[PDB]
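Examination of the molecular architecture
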Amino acid sequence: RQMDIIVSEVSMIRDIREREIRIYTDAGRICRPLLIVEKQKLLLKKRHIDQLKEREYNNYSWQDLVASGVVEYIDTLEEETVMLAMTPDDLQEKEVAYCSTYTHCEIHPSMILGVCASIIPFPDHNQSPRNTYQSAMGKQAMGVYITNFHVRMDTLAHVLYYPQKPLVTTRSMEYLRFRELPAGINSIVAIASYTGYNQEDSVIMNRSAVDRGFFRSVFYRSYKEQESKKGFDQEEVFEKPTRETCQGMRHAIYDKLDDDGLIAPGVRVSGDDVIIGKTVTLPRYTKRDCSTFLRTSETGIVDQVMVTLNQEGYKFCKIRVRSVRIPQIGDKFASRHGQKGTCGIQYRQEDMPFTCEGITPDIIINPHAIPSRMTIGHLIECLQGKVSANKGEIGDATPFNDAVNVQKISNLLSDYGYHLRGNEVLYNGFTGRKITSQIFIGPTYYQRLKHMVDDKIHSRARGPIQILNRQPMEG
Amino acid sequence: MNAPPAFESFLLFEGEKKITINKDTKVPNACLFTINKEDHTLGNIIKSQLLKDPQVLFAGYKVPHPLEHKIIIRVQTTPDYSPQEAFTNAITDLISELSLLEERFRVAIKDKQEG
Amino acid sequence: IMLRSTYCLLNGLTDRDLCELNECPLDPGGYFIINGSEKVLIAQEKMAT
Amino acid sequence: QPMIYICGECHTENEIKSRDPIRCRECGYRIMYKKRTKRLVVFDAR
Amino acid sequence: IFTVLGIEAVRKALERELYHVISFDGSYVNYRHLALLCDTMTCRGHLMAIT
Amino acid sequence: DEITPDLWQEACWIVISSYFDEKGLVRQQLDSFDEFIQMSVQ
Amino acid sequence: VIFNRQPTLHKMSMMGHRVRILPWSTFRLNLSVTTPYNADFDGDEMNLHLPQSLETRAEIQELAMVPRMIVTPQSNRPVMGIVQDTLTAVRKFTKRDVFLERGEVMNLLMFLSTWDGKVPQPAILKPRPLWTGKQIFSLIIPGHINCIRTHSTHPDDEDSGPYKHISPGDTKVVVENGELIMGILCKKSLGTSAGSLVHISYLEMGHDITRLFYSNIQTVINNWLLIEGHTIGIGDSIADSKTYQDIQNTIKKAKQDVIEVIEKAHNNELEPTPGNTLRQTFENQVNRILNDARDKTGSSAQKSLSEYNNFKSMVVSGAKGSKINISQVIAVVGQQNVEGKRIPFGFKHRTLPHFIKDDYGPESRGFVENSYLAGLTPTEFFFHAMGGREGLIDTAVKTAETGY
Amino acid sequence: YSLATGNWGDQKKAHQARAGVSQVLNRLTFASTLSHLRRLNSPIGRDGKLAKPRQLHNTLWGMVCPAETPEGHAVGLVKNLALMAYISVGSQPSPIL
Amino acid sequence: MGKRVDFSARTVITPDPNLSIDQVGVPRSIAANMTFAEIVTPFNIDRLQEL
Amino acid sequence: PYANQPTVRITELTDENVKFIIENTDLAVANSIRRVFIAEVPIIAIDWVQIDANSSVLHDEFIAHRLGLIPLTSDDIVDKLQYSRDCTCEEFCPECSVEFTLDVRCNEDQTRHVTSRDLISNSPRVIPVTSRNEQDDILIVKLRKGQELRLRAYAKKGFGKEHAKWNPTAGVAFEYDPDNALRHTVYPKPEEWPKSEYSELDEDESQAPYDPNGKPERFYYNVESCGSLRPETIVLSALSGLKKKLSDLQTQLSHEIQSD
Amino acid sequence: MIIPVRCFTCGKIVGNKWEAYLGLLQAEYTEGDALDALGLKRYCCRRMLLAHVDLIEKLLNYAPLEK
RNA sequence: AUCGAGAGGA
Ligand SMILES: [Mg+2]
Ligand SMILES: [Zn+2]
Ligand SMILES: [Zn+2]
Ligand SMILES: [Zn+2]
């Protein structure tokens, strides 16, 4: 604890019943930081918090906190000998003392979660499989994967037009930089049965919201190519092919290519089009077409073309093509609670149900997705988000927080002229009649997932066949 | 890939007509009006105005499929009346209502702006 | 070389300097670039020795 | 015919013919970008 | 059961045990399916494993 | 001197912030590679 | 076409469909035919095969079409029934106090394909003409079928006392000459079970009439649910303070009884029962204290619910959920088990480093005394994650071995 | 080669080598990149149907995320670091001795 | 025992309350790419000539 | 068997919204008027873009989509212009569209906000609402020193049924029966619900006594304008367009009765 | 990456309010009070301003392709 | 194109 000869990562376990003292300095030991506890008292005093508050002036950092003997890294094997306080409230003298001999305290229990589970708001109000499914699906959510995406020639990349930070957030996301590169949009979710097009894990989206850019994304796809001069026997070269010299020329037109054989940026390209005109010298004479076509049925625009030399040093070309993906029926969307579903139908703003103040939901999800799944975090997030949007906040959905429960959120929401439980009177968009049931509606953070239907739809009728067995190809 | 143009919902294709009238052989004095490239906006008002006619025995409408852009309006009247005549009178009454509403809204604006 | 490691050219660079090399300041590093492809080593569990 | 490219480092206009190694003649940088085409691409603002 | 009572006894008992496995979770399968499985399993005078 | 409960809920998060200002999220990768280059190769 | 979903488990996983060309780029399915395919719409994909001859087309038309597939030979019962929104809404629609106006009735009759065009005489003519939901479902019901069922909330002591044939709760479904004479329809009447209305329709009427029956229920009920609406929110997860404080009193019994048992075991006051070791008897005795607690708190939460509650609405209809789900959302999540036992001592005689050694109390071994609305404590969260991981492993490991 | 393919070992012993090390970095979204950089892997073999190594052990508390795990064939074998988890880099025991 | 086949299509499934149970809603693109070989007869000569 | 005689009472009229009450009409008529506010009131909006140069950090479709959503003053011009379907010209002409140019280049160090004020029109009547002679201008794109955006747009006539950019409303509040007298809603717990702004009840009373013989009358509207039209112009256009749809339907109906 | 033009829900213009919103925030308004000053009644438009992340400001830290 | 690997989806 003094940063003397023993470094911080050294584990020192005393098994008492068996008289071993096992000291470990090797690598690969997973450990975590914990607050040391005096007799029944944190060593972390207000002086440490004060110095930490001005961390940017007096260069008082974490590593001084460790050097002060206030924090300690404990490995899994040494936890067996440690008596942990979940919070400093456990250190507090009680009518019946549970332990009274604690040695360490959690900094915060929410640090048991990882990167993707630290995104979930109110994860302790969900069934745990739902938290696992979200931790999986946050990795398929679109956003801005990195700030310098304009210069990266990634094979596949999805960028959301209008990423938003969640209105209801956890205090862990401040370190995941989710606020700075968020992967979703706050959507006005109504949980309702409306026309039957959201049944069995499906959603009804607002066509008008989609027209305004709601969950619109851009898909970037990069195509490689290189002209190999491996030997005088045969050499490839980028050049606009010609019908008179090239042998394996498809019937697709090559007019979009330039002299150099490379399409130019800003050119609209449809499926089966040519972006690189490459010809290889033969042993329809003395050169055969080996051009690069678009991956079929894409219909994008050439975002940019880069030319350079590879390691060995022949020409090398990268072409990024850009395709705007507007959400549509069959695109998969998810909240942060394992509630995934495809778009069942899109209604225009006049067809959607509306509140007395003409707010239509961006998304309508079916109430039958809640009861078996027990994703109460979804409902609490919706209610907290209504409070946050009406109050001008960002809600605190950190997992284990006794200063935030459903009652106090409901009391807050009732102060803004809303039903305290997040229900509203909606009117049928088609007829204008009030719906007899008051619908639960509010802001919820939704995610657009990589799984778009246009990348999955496929059909065949007498296409190509495999060489070995003359059967249809795969994929 | 499969997105219809947004104009398809309201524009008419060549050779397909706005409204088609079909006996309903179910019951006497009933007709089905298949109206193309309209939606709940006209269907609901026509149906409610028809329900105001005491000579109309049945008035209903449906959008058979939201992805399709037609409505069906079924009108059954009393034997001395006609569903075509009922439909015509309903449209005439809606037009007169909207003309009166427009004139009165103009007057109400007139008054609000000057007092 | 693992990116943002001590022996990386991006080591100790400011957010200015990273942007001015066309690098994202929020990029954590921790991966290699082999043949232009970003490769990440997954920690492998093993039974202690 | 000229097929001018831009330098990734120095952003310099420069013409390069085929069968020429790709190298900017300001600064020798190895990566070059094609210029935006001069055809007329139309967008429906939707 | 086969060794002690014989092929028809084990046919019956195998029906019984498969029915117990199927119906323990409240499920129900038409008896003709269990009967056909158990007959395939015993029609040759020995216990024919489904392997 | 003692952090009272009313302050705890930001004392703790202040501490957590300092940790992530010092370490980050990929500290294990960088430290492993650094140790490999400084020690393991030699 | 043949429409198929993988894994193709039984003969209803590949059925014949008639093609309907529609705008966008997905395969659009009816909602009753999702249960045979085990399909939901969270990104599932399905395969379409087009027979290429009149021979095979006739074969699929006469053997494999969906209406011919309504009743499965596996369990002599329907394989597809009425499903989520239609089932919740038909439960709400056939309640005794559902009265429809003239325009609403005509709107619903627009969506009956098998309607003779005759508006039925309303059940109430004065002071207002009002039709009932049973009166319209009677028009949906085909042929002249006869059926007796009981709603899921049917009390078991009602068939004995008076009011057998005039049910106070509108349970005891009676369909007679194709008219819903009485009762609230639900999973027991329109689901996949044996003897339900859909089964009896298939047996008495053909597969064509039953196809139309399915379609008509769905269209009419969905267009009525456009008026009625169905939702779920926080208000359905709340209970009154009486109920909360009953549940807390029950849990504090349960813990304080488990403490009783723990002292008896500690003082050797506890003797084994036959067929079990002393450890196993203590574990039984604690688990049966805590299951009594969980059941009692669940009962309290159930009885606290109103008939405006949407959790209850979906559980009575049988559309989705169960009473145990309501108990977990409102009352208490309960004991988390790993391998059928309480949370194991993965540390030295400890489930976590936050407990003392040799702590067999309910908290320590994985009893979640909180609801999902209350929120789990960090230890409860970890133990619940352990139990859910057990479920995920089971789901991911049974498939290979069952498929083999 | 070994970082490019992930086959961890000599290129000649391409079958004795253990693959899955050195994966292509997920750049779909920033969370996927962070998680992939904090990914741990238990080389028990996905073919193994014993649940014990896939169970969430009590000792994962504070070290590994209780929730983040693939729900397919590797459930509980591929894990993720908890947020404040730090894997020791190794040190010399001579000062201690 | 299993193989790849022509005249097959695959895509995401979506709800449709307005289809009958025996109907499947299919895209124009799948339907335009999938074909059925219909034999010509005086019964269908004219229709097939338009197609 | 005949038409309603609706009355109107306008309770608020600003440049931003109109709050009015229609009284003695059917709920279907009221909702159709509400729907026409959103979906069948034409305005002018950019529906054709040609990007001559775009060095900005937003790709071309992003700029185009963003330009389409800028409201353009459509008050008197929208009735005069034709749909390009109906115009007998080529792709464009002044009778069916409005030209816009934008040509901005950031020369200084310091970030250039390409706003709707840089959209220069050939028609002085059809201009961006924010540019009209307070509220800032809509931000099209931020440009860094060296970046440049030059484009040529055409704005056309359409309504919200085709695309939300032709929707003139910024929210249409619609209400009826503020006190739940018709019981078209059924509150489980009527005391928990806040009162409507149009409610006329003492605070002890949660909802009005049930009216068995009532129907919906006295519908309350708050039509907020995005800026392209005035709200009263939105309402008058809506009434004209709904009517005038009904007239077209009548004409086709007469032809179809004739022809039988 | 940039403030949307319209509110996704109602279609109210919010694209001219980001700069004013930031100016009000540095003027020591609370976020709610600032949203009230800009006339965003409805929690949808308040969502639009309150949840916006101005990523374009970071994208402008990179030099363009042409000088 | 083949092979292998990996990551994912239901
Ligand atoms: Mg599924
Ligand atoms: Zn250069
Ligand atoms: Zn013109
Ligand atoms: Zn809004």
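Look a little higher up for the structure.
First things first, this report covers the structure right here in the doc.

Topic: the overall build of chain G
For chain G, the helix and strand inventory stands at 13 helices and 14 strands. Counting only C-alpha atoms, chain G reaches 80 × 60 × 40 Å along its principal axes. Counting every position in chain G, which comprises 404 residues, the buried fraction comes to 58%. Of the roughly 16,800 Å² of accessible surface on chain G, 52% is carried by carbon and sulfur atoms. In chain G, 44 side chains carry a positive charge and 43 a negative one; their mean positions are 2 Å apart.

Brief notes about the interface of chain G and chain A
Between chain G and chain A, the residue contacts involve 60 residues of the former and 74 residues of the latter. Here chain G packs against chain A, burying approximately 5,800 Å² in sum over the two surfaces, 62% of which is carbon and sulfur. Inspection of the region where chain G meets chain A yields three salt bridges. The closest approach of N and O atoms between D42 of chain G and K340 of chain A, which form a salt bridge, is 3.4 Å. For the pair chain G and chain A, the number of links is 28 residue pairs in polar contact. For the side of chain G that touches chain A, the secondary-structure elements that each account for two or more residues are α3 (84-93), α8 (207-228), α11 (310-316), α12 (323-330) and α13 (378-403) of chain G. No other element matches α13 of chain G, which puts seven residues into the side of chain G that touches chain A. The class makeup of the residues in the side of chain G that touches chain A is 26 nonpolar, 23 polar and eleven charged.

Thoughts on the pattern of salt bridges
By the definition in use, this model includes 93 salt bridges over all chains. Linking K278 of chain A and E225 of chain A is a salt bridge whose minimum nitrogen-to-oxygen distance equals 2.9 Å. Highlighted residues: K278 of chain A in strand β15 (residues 278-280) and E225 of chain A in strand β11 (residues 217-226), separated in sequence by 53 residues. An identical accessibility class is assigned to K278 of chain A and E225 of chain A; each is buried. Across the pair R117 of chain J and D137 of chain J runs a salt bridge, and its minimum N-O distance is 3.1 Å. For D137 of chain J, a relative accessible area of 15% translates into the label buried. Salt bridges sharing partners connect three or more residues here, namely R152 and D154 of chain A, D27 and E38 of chain C together with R27 of chain H.

Here's the deal with the interface of chain H and chain C
A common measure of how large an interface is: the accessible area buried when the components associate. Across the contact, 21 residues belong to chain H and 17 residues belong to chain C. Taking both partners together, chain H and chain C bury about 1,800 Å²; carbon and sulfur atoms supply 62% of that area. It is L3, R27 and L37 of chain H that lose the most area in chain H upon contact with chain C, and together they represent 27% of the buried surface on that side. Connecting chain H to chain C are three salt bridges. With a shortest N-O distance of 3.0 Å, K79 of chain H and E45 of chain C are connected by a salt bridge. Taken together, the links from chain H to chain C amount to ten residue pairs in polar contact. Secondary-structure elements contributing two or more residues to the side of chain H that touches chain C are α1 (2-5), β1 (23-24), α2 (30-37) and β2 (39-41) of chain H. The biggest single contributor to the side of chain H that touches chain C is α2 of chain H, with four residues.

Details of the coordination of the zinc ion (ligand 2)
Residue and element names in this part refer to chain D. At the metal site, the zinc ion (ligand 2) is ligated by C7 (SG), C10 (SG), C24 (SG) and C27 (SG), and these contacts range over 2.3 Å. We note that the donor set of the zinc ion (ligand 2) lies within a single chain, spaced as C-x2-C-x13-C-x2-C. One end of the pair, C7, is in strand β1 (residues 4-7); the other, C27, is in the loop between β2 (13-15) and β3 (32-34), and 20 residues separate them in sequence.

Quick word on the coordination of the zinc ion (ligand 4)
All names here are of chain K. Looking at the metal site, the zinc ion (ligand 4) is ligated by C7 (SG), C10 (SG), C44 (SG) and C45 (SG), spaced 2.3 Å from it. One can describe the donor arrangement at the zinc ion (ligand 4) as tetrahedral, given that its four donor atoms subtend angles of 100 to 120° at the metal. Expressed as a motif, the donor residue spacing for the zinc ion (ligand 4) is C-x2-C-x33-C-C. Pair check on accessibility: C44 and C45 agree, each one buried.

Topic: the pairing of strand β9 (residues 169-176) of chain J
Residues and elements named next belong to chain J. Taken across its eight residues, β9 has eight buried, putting it largely inside the fold. With six bridges connecting them, β9 and strand β10 (residues 219-225) associate as antiparallel partners. Residue pairing for β10: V172 is matched across the bridge by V223.

Remarks on the sheet that holds strand β2 (residues 17-23) of chain J
Residues and elements named next belong to chain J. Ordered in space as β1-β2-β10-β9, the four strands form an open sheet in which the pairing is antiparallel. At either end of the open sheet lies a strand with only one pairing partner, and these are β1 (7-13) and β9. Averaged over all pairs of adjacent strands, the angle between their axes in this sheet comes to 15°, without regard to strand direction. Of the pairings in the sheet, the one linking β2 to β10 comprises six bridges and is antiparallel in character. In the sheet register, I21 faces β10, and the bridge partner there is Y220. In the packing of helix α1 (residues 27-39) onto the sheet, the strands contacted are β2, β9 and β10, and the crossing angle to β9 comes to about 170°.

Overview of a negative patch on the surface
Residues and elements named next belong to chain G. Where like charges cluster on the molecular surface, the negative patch consists of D257, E260, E263 and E269. If you trace the backbone, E269 turns up in the loop between α9 (241-266) and α10 (278-304). Note on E269: relative accessible area 53%, which makes it exposed.

Quick notes on the nonpolar core
Taken as a class, soluble globular proteins show a tendency for nonpolar side chains to be buried jointly. One finds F87 of chain B, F137 and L190 of chain G together with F20 of chain J to be the most contacted residues of the largest nonpolar core, which totals 392 residues. If one sorts the elements of this core by residue count, helix α2 (residues 83-114) of chain B sits on top with eleven residues. Counting contributing residues, this core receives three or more from each of domain 1 (1-42 + 165-260) and domain 2 (43-164) of chain J. When residues no more than four places from it in sequence are discounted, the contact partners of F87 of chain B are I19, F33, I35, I46, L50, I73 and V75 of chain B together with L249 and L253 of chain J. Among the nonpolar cores identified, the runner-up in size contains 32 residues, and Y254, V269 and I275 of chain A together with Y5 of chain D belong to it.

Focus on the protein's contact with RNA strand L
Residues in close proximity to RNA strand L total 14 residues, the closest being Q140, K332 and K340 of chain A together with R5 and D44 of chain G. Among all atoms of RNA strand L positioned within 4 Å of the protein, those belonging to sugar or phosphate total 97%. Contact between RNA strand L and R5 of chain G: a sugar or linking oxygen at 3.0 Å from a side-chain N or O atom of the residue. Broken down by class, the residue content of the surface near RNA strand L amounts to two nonpolar, four polar and eight charged.

Details of the arrangement of the chains
Ranking the 24 pairs of chains in contact by number of contacts places chains A and G first. Between chain D and chain E there is no contact, and the shortest C-alpha to C-alpha separation is 54 Å. Spatially, chain D is disjoint from chain I: no contact exists, and the shortest C-alpha separation is 23 Å.

Focus: α1 of chain J
The end-to-end C-alpha separation of α1 of chain J is 18 Å, in line with the 18 Å expected for 13 residues at 1.5 Å each. Where α1 of chain J starts, the residue carrying a side-chain oxygen 2.6 Å from the main-chain nitrogen of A28 of chain J turns out to be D26 of chain J.

Cut-offs applied
- Residues numbered from 1 in each chain as written, not as in the entry; some residues may be left out.
- Chains lettered and ligands numbered in written order.
- Part of a larger assembly, values for the part shown.
- Heavy atoms only, no water.
- Helix = DSSP H or I, 4+ residues; strand = E, 2+ residues; numbered from the N terminus.
- Buried < 20%, exposed > 50% of the residue type's maximum accessible area, 1.4 Å probe, protein only.
- Areas by Shrake-Rupley, 256 points an atom, 1.4 Å probe, with all protein chains shown as cover.
- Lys, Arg positive; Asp, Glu negative; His and termini not counted.
- Charge placed at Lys NZ, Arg CZ, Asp CG, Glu CD.
- Contact = heavy atoms within 4.5 Å.
- Buried area = accessible area lost by both parts, 1.4 Å probe.
- Salt bridge = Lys/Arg side-chain N within 4 Å of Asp/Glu carboxyl O.
- Polar contact = N/O pair within 3.5 Å; in protein donor to acceptor, adjacent residues only side chain to side chain.
- Nonpolar A, V, L, I, M, F, W, Y, C, P; charged D, E, K, R; others polar.
- Donors = N, O, S within 2.8 Å, 3.2 Å for Na, K, Ca; no water.
- Tetrahedral: all angles 85-135°; square planar, octahedral: opposite > 155°, others 65-115°.
- Pairing = 2+ DSSP bridges.
- Axes fitted to C-alpha atoms, helices over the stretch in contact; angles between N-to-C directions.
- Patch = residues over 30% accessible without salt bridge, like charges linked within 9 Å, V, L, I, M, F, W, Y side chains within 5 Å.
- Core = buried A, V, L, I, M, F, W, Y, C linked by side-chain atoms within 4.5 Å.
- Domains from an automatic or database assignment.
- Near = heavy atom within 4 Å.
- Expected span 1.5 Å × (residues − 1).

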